[PDB]
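Structure, as structure tokens:
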There are 2 protein chains.
Amino acid sequence: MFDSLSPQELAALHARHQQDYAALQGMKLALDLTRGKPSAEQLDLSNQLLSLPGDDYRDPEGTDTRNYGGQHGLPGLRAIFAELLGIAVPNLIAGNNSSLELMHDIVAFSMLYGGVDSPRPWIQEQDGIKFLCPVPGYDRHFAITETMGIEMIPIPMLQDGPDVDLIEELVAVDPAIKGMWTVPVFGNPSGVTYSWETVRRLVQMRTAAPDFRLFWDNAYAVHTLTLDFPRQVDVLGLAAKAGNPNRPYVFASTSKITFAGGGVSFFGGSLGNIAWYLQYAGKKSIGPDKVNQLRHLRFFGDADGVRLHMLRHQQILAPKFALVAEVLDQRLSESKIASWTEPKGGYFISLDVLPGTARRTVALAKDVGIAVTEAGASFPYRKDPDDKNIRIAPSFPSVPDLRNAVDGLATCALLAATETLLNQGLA
Amino acid sequence: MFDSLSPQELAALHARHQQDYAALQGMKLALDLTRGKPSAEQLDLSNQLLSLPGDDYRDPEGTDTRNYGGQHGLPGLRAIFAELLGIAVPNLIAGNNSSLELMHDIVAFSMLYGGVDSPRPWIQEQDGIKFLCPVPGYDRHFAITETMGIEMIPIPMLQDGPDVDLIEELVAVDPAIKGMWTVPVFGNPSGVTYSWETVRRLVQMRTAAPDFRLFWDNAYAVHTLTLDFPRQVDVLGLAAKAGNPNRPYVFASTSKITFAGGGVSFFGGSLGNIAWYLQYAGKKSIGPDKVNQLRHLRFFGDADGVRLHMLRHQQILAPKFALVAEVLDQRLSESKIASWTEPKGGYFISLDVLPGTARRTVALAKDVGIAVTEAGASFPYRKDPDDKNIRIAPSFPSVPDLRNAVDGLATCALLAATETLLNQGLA
Ligand SMILES: Cc1ncc(COP(=O)(O)O)c(C=O)c1O
Ligand SMILES: Cc1ncc(COP(=O)(O)O)c(C=O)c1O
Ligand SMILES: [Cl-]
Ligand SMILES: [Cl-]
């Protein structure tokens, strides 16, 4: 940490940081690093969708997609994602424009009705319900459990998955633990992909709750930043082999493949779980939007069509991620106050600044017109116990804007560090 | 009832009915009068949607509809339905492809969280919850309350609304009554449209539950079978004037305007109710499909565009409804065993055959290859206490198929009547 600088040298460095920050403030910036959404250039890749499906409104089975019926979604589109996810067509359904809505409804159904093999609806559990939450994690997962009054237990992330030793120890003895949130490939925002061994342990471990569920939110399933695709671990297959076929609920989406908010969602599970979901989903809706599923089927053609499309996204995104890392390295590496992820896929870089300074860094950035994700955002209840983590979303801005924004962020992180050491430390 | 026929004459008539039925059976029919969905010819009216929105993916406000954001739906599309429904844009949101899903989620939110001004979540009411259900009514409404364990109280339908005297008497003294299902224009399947006076009474009546709600499912809001449109009663305005602004929840849909399952839904309410819904809907989804809302906005143009489109539907549908009535009249009127609605809009005709024979009539039809809606389908718990009601859906089949199907249905209804009088009555 500022290795071998004396207090006098640190005070001189702090003055340089203040001057960098004054200059930054003079530029009157209006930049934003918070939006985990595709750029306009990425969305342009899918503009053919805007004139699809055209005159032929029938799918390959002859179904008139313009009329009512069919809860499972179009088999032809499901076959594409069955190949990508390694889940058979009967074990996969296609929904409307939101995978979050599938996860949410599953939690709501679990509360009101219980899961397919629950002893009772979760709302009838007088001692409450808990979910395990690997951190840093996805704030919209946490929002679902928080709103339903489900207690969240944060779990440390390690190199090839969460802390599975700890998870096993907790779930074995606490029947209130009903679920775990995961993003098992390129996690938001850790960038961590769960190893085969991690997945095997999670589907085999003994749980005090007979109806424990892994919410396997494979949001980034094909979302590589390199020219290679990750191998999908067969979580449903491994779970069935362990005698826990109902344990995993698998989700996926085309929001960051085609149009964000105009895509198609997917839910995968055991046949029993598919039937359970559809029994209650059938009370909610006659069924999903088949015309939008058809447009996607026509656009993609097959699984290789999706893969090639992802490589086109990769060509736009990879330079943005490379840029963020390069700027952070060049500005922060020598000070040793920070560390950051170097993800091989997904939509985020996770930055840790000097512990005790993340909130301050965000406030400094806000005052020079750079929006940076709120401190604590990737934690349940927004509680980052070390006040160090900042999520960075590189996807949306132009390269020149991203460069300025991250360089500004670095200036703020450095100033927050020297300010705190000198003014609080050497008070 | 078979006026002035002697027992010998009735037995001879019964023999003629058996011969008509034998002949019907010989035709080896495969017909269906159960599907409340638009015909292919109606759906063809909206085929321009299949190539929309085209290159311009921006709405009039400049919003890129292909990207995330915006929970309320596109203001331009909401402005069209604001005019049609008589509800201001800020009081109306546009969703995805299902109005049922809006109603369902509202009931689920009410259970888990309570409504905006509830004393507690409805799930915490130890003595249970009840909804009033005007009958005959919409089976998918009843499916929502049944699945949530909400007791249903059936209420007789009268000429210009339900039995409001009875509703007022019950809601005043039972704090467990939290809601009422309605279809207030061209009801499914009564065809009844609630008068202004009926609506005024429903929004003014005292309720023991301070958070009582009218589920105002205006599914058939513009769905005329004549060249005239019904006047929309201002239920939200009247409710606000009575000091019960939060009482009505208004729903509408384009499923029977454009594509059934590929349309846009709407929810309208007080500003407080809109904010309440969106607070919990925001935990479920980042927001609705704006691209599909844009296609609809481009297609319709304005409220008069929707109206003209409905008159194009009316030209297809009205002859089908006229045909059903003519066949029933010609075959059944003299026997006086039956009565049926003559709706001025909506998607159904409600037929009452001889009480005690509806199940038998349906079974007879099934055995000659004519699918007719299950007896009891328009009642909570599928309980028609008079075993008389049969819902007829005229919209889907071709004219020649409809003619054959309804004429067959009449033959079955007549045979069920004579069979029952002779074999059970004169046993
Ligand atoms: C982990 C994760 N799941 C789900 C989603 C949202 O996808 P959808 O648009 O299908 O809700 C996101 C980002 O949108 C995400 O990061
Ligand atoms: C009364 C009523 N409400 C709602 C609906 C369904 O509309 P949506 O497709 O918007 O769920 C129907 C028929 O579909 C209906 O008859
Ligand atoms: Cl997560
Ligand atoms: Cl109803």
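Quick note on labels: first sequence line is chain A, next is B, and so on, each numbered from 1. Just so you know, these numbers use all the heavy atoms, side chains as well, and skip hydrogens, waters and symmetry mates.
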For the pair A/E151 and A/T145, evaluate side chain to side chain contact (heavy atoms under 4.5 Å, CB included) and give the outcome as yes or no after the intermediate values. CA-CA 7 Å; A/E151 173 179 10; A/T145 31; over 6 Å; no
Let's go through A/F212 and A/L214 carefully: what are the C-alpha distance in whole Å and the side-chain angles of both, what is the deciding distance for side chain to side chain contact (heavy atoms under 4.5 Å, CB included) to 0.1 Å, and is it a yes or a no? CA-CA 7 Å; A/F212 175 84; A/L214 293 164; 3.8 Å; yes
How far apart are the C-alpha atoms of A/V406 and A/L328, what are their side-chain angles, what is the distance that settles it, and do they pass the side chain to side chain contact (heavy atoms under 4.5 Å, CB included) test? CA-CA 7 Å; A/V406 179; A/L328 294 177; 3.9 Å; yes
Begin with the C-alpha distance, continue with both residues' side-chain angles, and end with the deciding distance and a verdict on side chain to side chain contact (heavy atoms under 4.5 Å, CB included) for A/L236 and A/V250. CA-CA 8 Å; A/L236 288 172; A/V250 181; 4.1 Å; yes
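Note that the CG atom of A/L85 and the CD1 atom of A/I80 stand 11.5 Å from one another [nearest 0.5 Å]. Distance check, rounded to the nearest 0.5 Å: CZ of A/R391 to OH of A/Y138 gives 8.5 Å. Interatomic distance, CG of A/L50 versus CG of A/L43, reported as 10.0 Å (0.5 Å rounding). Rounded to the nearest 0.5 angstrom, A/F300 CZ and A/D302 CG are separated by 11.0 Å. In this structure, A/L402 CG and A/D32 CG are separated by 11.0 Å, a value rounded to the nearest 0.5 Å. Here the straight-line distance linking atom CG of A/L132 with atom OG1 of A/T182 works out to 11.0 Å at 0.5 Å rounding.
Residues in residues 226-246 of chain A take part in no salt bridge (charged side-chain N to carboxylate O under 4.0 Å, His left out) pair, two or more places apart or across chains. Pairs of residues two or more places apart, or lying in two chains, that qualify as salt bridge (charged side-chain N to carboxylate O under 4.0 Å, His left out) and include a residue from residues 105-114 of chain A are A/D105-A/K284, A/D105-B/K284. The salt bridge (charged side-chain N to carboxylate O under 4.0 Å, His left out) contacts involving residues 201-221 of chain A comprise A/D117-A/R213, A/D165-A/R201, A/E168-A/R201, A/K178-A/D211, where partners must be two or more places apart or lie in separate chains. For residues 165-210 of chain A, the ring pair (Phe, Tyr, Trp, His ring centres under 6.0 Å) pairs, not counting sequence neighbours, are A/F131-A/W181, A/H141-A/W181, A/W181-A/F215, A/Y194-A/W216.
Salt bridge A/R307/A/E83: present, at least one basic N to carboxylate O contact under 4.0 Å. A salt bridge is absent between A/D64 and A/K290; no separation between the charged side-chain nitrogens and carboxylate oxygens falls under 4.0 Å. Using a cutoff of 4.0 Å between basic side-chain nitrogens and carboxylate oxygens, A/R120 and A/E125 are scored as salt-bridged.
With A/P248 as the fixed residue, the side-chain contact (heavy atoms from CB on, under 4.5 Å) test singles out one of A/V235, A/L238, A/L202: A/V235. No option in A/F81, A/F267, A/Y220, A/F266 other than A/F267 meets the ring pair (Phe, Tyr, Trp, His ring centres under 6.0 Å) test with A/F251.
Residues A/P75 and A/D59 have side chains in contact (heavy-atom distance under 4.5 Å, counting atoms from C-beta outward). In this structure the side chain of A/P394 never reaches within 4.5 angstrom of the side chain of A/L317, judged on heavy atoms. Within the 4.5 Å cutoff, the side chain of A/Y347 has no heavy atoms near those of the A/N188 side chain. The closest side-chain heavy-atom distance from A/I177 to A/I153 is not below 4.5 Å. With contacts defined as side-chain heavy-atom distances shorter than 4.5 Å, the pair B/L112/A/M148 qualifies. Residues A/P162 and A/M180 have side chains in contact (heavy-atom distance under 4.5 Å, counting atoms from C-beta outward). In this structure, A/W340 and A/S350 have side chains that are not in contact, with every pair of non-hydrogen atoms separated by 4.5 Å or more. Contact check for A/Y113 versus B/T147: side-chain heavy atoms found under the 4.5 Å cut-off.
Annotation for A/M152 and A/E146: closest pair CE-CB, 3.7 Å, computed over non-hydrogen atoms. In plain terms, the two heavy atoms of B/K283 and A/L100 that are nearest each other are O-CD2, 3.8 Å. In plain terms, the two heavy atoms of B/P288 and B/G70 that are nearest each other are CD-O, 3.5 Å. Of all heavy-atom pairs between B/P53 and B/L294, the closest is CB-CD2, 3.8 Å. A/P397 approaches A/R35 most closely through the heavy-atom pair CG-NH2, 4.0 Å. Here the closest heavy-atom approach between residue A/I257 and residue A/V222 is recorded as CD1-CG2, 4.1 Å.
Side-chain atoms of A/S285 come within 3.5 Å of backbone atoms of A/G287 as a donor-acceptor pair (strictly under, hydrogens ignored). A donor-acceptor distance shorter than 3.5 angstrom exists from the side chain of A/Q42 to the backbone of A/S39, with no hydrogens or angles considered. Put simply, the side chain of B/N292 gets close to the backbone of B/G262: a donor and an acceptor are under 3.5 Å apart. Between the side chain of A/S190 and the backbone N or O of A/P136 there is no donor-acceptor pair closer than 3.5 Å. With hydrogens and angles ignored, the 3.5 Å screen pairs a side-chain donor or acceptor of A/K320 with a backbone N or O of A/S395. Between the side chain of B/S98 and the backbone N or O of B/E101, at least one donor-acceptor pair lies under 3.5 Å. For A/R295 (side chain) and A/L52 (main-chain N/O), a donor-acceptor pair under 3.5 Å exists by modelled atom type. A donor-acceptor pair is defined here as one N or O able to donate and one able to accept, closer than 3.5 Å; no such pair exists between the side chain of A/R78 and the backbone of A/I93. Judged by distance alone, the side chain of A/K130 and the main-chain N or O of A/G128 form no donor-acceptor pair under 3.5 Å. Remark: side-chain polar atoms of A/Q293 are paired, donor with acceptor, to backbone N or O of A/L74 under 3.5 angstrom.
In summary, the side chains of B/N97 and A/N96 do present a donor paired with an acceptor at a separation below 3.5 Å, with no hydrogens or angles considered. A donor and an acceptor atom, one from each side chain of A/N244 and A/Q204, are nowhere located under 3.5 Å apart. Side-chain contact, A/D352 with A/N389: a donor N or O sits under 3.5 Å from an acceptor N or O. Side-chain atoms of B/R66 and A/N47 form a donor-acceptor pair, as typed in the model, at a separation below 3.5 Å. Residues A/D160 and A/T198 have side chains that never bring a donor and an acceptor to within less than 3.5 angstrom of each other.
Under the ring pair (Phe, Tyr, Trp, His ring centres under 6.0 Å) criterion, A/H309 pairs with A/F299, A/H313, not counting sequence neighbours. Applying the side-chain contact (heavy atoms from CB on, under 4.5 Å) criterion to B/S265, with sequence neighbours excluded, gives B/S99, B/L102.
A cation-pi geometry, defined here as NZ or CZ lying under 6.0 Å from the six-membered ring centre and within 45° of its normal, does not hold between B/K37 and A/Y68.
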